[PDB]
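One chain is shown next in structure tokens, namely the form deposited without okadaic acid.
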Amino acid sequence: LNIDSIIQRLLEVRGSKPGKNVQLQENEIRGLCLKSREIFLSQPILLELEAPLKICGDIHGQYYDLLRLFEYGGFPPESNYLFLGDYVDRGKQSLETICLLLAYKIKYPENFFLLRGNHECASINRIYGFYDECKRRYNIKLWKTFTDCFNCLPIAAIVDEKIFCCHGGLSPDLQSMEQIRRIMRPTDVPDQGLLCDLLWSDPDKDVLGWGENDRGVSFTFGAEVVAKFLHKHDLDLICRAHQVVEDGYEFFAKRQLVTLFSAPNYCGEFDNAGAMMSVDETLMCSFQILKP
């Protein structure tokens, strides 16, 4: 597995006509999953991260929105990246998107990091299009390889002991980060529990306490839940993805929680913009917003 050649064959298309496909032999894609899962398992589930860092949100199967991020913020190794889940489903070019992200994780384990999102379940990607793309392009077995690798993804991460990064949001069962480190993997997201809420919850302002999502897998939370979570464990930012915002980045509950969505023109029917966040040593966070 030449991580470098792969990266070259995938970045060759950069700057060209959008929607162009990149043909990879299947054993690179299987090899990328097998090699990267060990990197996921060796590192802790609750990841500790060091500045400088450039963070992100969701890029659903959109390989030419991804390459725009790497230009604005900078390609590795001259920068460090964190991706908060949801890179598959809905978008047309998903195999190319996930392959590039999985490539930089192998070659830069201490500077590249990927979390887990909701569409990393074996069941959710069945409905929402990732199941179909695997059929026509490569195979049915290759889809099972991805969901095996998705099981070993870290659930949350902590940056400079101040920034808390999760795709979905908090859980009522979370009273200490010690519990997150006790989660056993490889695991599948259940209908209820501590794990599920982290890949599925979402803040909703109206609920002062807790309330059910519009979807029927988990339940929301409120502005008081995050604050009591931040003051207890001595943090100051909860960075999230999951949903779709118009401006790319939106702030919830007095900034303590910021959501980042980086796939503009979602699935071809949205006017949303994309955003990426960079944080330096003094923990100043700056936003690099992609044009709608």
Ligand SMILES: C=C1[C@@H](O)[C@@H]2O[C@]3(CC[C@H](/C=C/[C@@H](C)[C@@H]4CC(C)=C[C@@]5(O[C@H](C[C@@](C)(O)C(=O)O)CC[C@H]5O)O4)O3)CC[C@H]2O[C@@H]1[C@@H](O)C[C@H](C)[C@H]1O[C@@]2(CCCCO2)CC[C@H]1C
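Residue indices: 1-based, along the sequence shown.
Another form exists, solved in complex with okadaic acid; not displayed. Remarks below refer to it.
Subject >> Shown-form site status with respect to okadaic acid as positioned in the entry with it bound after superposition (2.4 Å backbone/C-beta criterion, 3+ atoms) >> reply: Open, per the superposed partner pose.
Original post:
Can you pick the one in 83, 150, 164, 200 that has a heavy atom within 4.5 Å of okadaic acid in the entry with it bound?
Top reply: For this set of options, the contacting one is 200.
Subject >> Listed residue (217, 134, 100, 155) with a non-hydrogen atom within 4.5 angstroms of okadaic acid in the entry with it bound >> reply: Spelling it out, the residue with a heavy atom inside the cut-off is 217.
**OP:** Kindly confirm or deny that 90, 128 and 270 each have some heavy atom within 4.5 angstroms of okadaic acid in the entry with it bound.
**Re:** Verified in the entry with it bound; spot residues all in contact, yes.
**OP:** Determine whether any heavy atom of residue 123 comes within 4.5 Å of a heavy atom of okadaic acid in the entry with it bound, and answer yes or no.
**Re:** Residue 123: yes, in contact with okadaic acid in the entry with it bound.
**OP:** Would you check, heavy atoms only and a 4.5 Å threshold, whether residue 266 touches okadaic acid in the entry with it bound?
**Re:** So residue 266 counts as contacting okadaic acid.
**OP:** Using the partner position in the entry with it bound, report whether residue 39 sits within 4.5 Å of okadaic acid, counting heavy atoms only.
**Re:** Result no; residue 39 lies far from okadaic acid in the entry with it bound.
**OP:** Give a yes/no on whether residue 223 approaches okadaic acid to within 4.5 Å in the entry with it bound, heavy atoms considered.
**Re:** Contact check for residue 223: no, nothing within 4.5 Å of okadaic acid in the entry with it bound.
Original post:
Can you pick the stretch from 177 to 185, 155 to 163, 139 to 147, 207 to 215 whose heavy atoms fall within 4.5 Å of okadaic acid in the entry with it bound?
Top reply: Only one stretch passes the 4.5 Å heavy-atom test: 207 to 215.
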